[PDB]
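Enquirer: Experimental structure and sequence below.
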Amino acid sequence: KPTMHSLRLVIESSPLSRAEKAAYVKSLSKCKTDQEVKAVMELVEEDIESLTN
């Protein structure tokens, strides 16, 4: 059911900017396994809670 595309959709859904969106998306594209990409996903969570404060 879940996919890598849905994840990309999450980024292009949250109210991010230009720079952080691009930077993160490139970093996300740099995926390979799962535990790694997950840790990077954890960063998305923090990023919003930072941008939003």
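Expert: The structure has been received and is ready for your questions. Residues are numbered from 1 along each chain as shown.
Enquirer: so the most centrally placed residue in the chain is in which element?
Expert: Taking C-alpha atoms, centre = their mean as the criterion, residue 44 is the residue nearest the geometric centre of the chain, at 4.4 Å. Element membership for residue 44 (DSSP states H and E) is helix 35-51.
Enquirer: mind checking the SS state of residue 31?
Expert: Look at residue 31: counting by DSSP: H, G, I helix; E, B strand; the rest coil, its state is coil.
Enquirer: Count the neighbours of it for me.
Expert: 14 (other C-beta atoms under 10 Å). Backbone N, C-alpha and C define where each C-beta goes, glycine included.
Enquirer: Same check on residue 20?
Expert: Neighbours of residue 20 (other C-beta under 10 Å): 15.
Enquirer: ditto for residue 2
Expert: Using other C-beta under 10 Å, residue 2 is surrounded by 6 other residues.
Enquirer: swap in residue 11?
Expert: Residue 11 is flanked by 17 other residues according to other C-beta under 10 Å.
Enquirer: roughly how far apart are residue 30 and residue 22?
Expert: 13 Å (C-beta to C-beta, to the nearest Å).
Enquirer: what do you get for residue 46?
Expert: Per C-beta to C-beta, residue 46 is found 18 Å from residue 22.
Enquirer: Also residue 10?
Expert: 15 Å.
Enquirer: who's more crowded, residue 46 and residue 22?
Expert: More crowded of residue 46 and residue 22, by other C-beta under 10 Å: residue 22, with 12 against 9.
Enquirer: got the phi/psi numbers for that one?
Expert: Backbone torsions of residue 22, given as degrees, to the nearest 10, read phi -60, psi -60.
Enquirer: Backbone dihedrals for residue 52, both of them.
Expert: phi -80, psi -30.
Enquirer: Nearest residue to it in space, please, no chain neighbours.
Expert: Closest residue to residue 52 apart from its sequence neighbours, by C-beta to C-beta, 6 or more residues apart in numbering: residue 15 at 8.0 Å.
Enquirer: In this structure that neighbour contacts residue 47, no?
Expert: No: using C-beta atoms under 8 Å as the test, residue 15 is too far from residue 47 to be in contact (11.0 Å).
Enquirer: I am finished for the moment; much appreciated.
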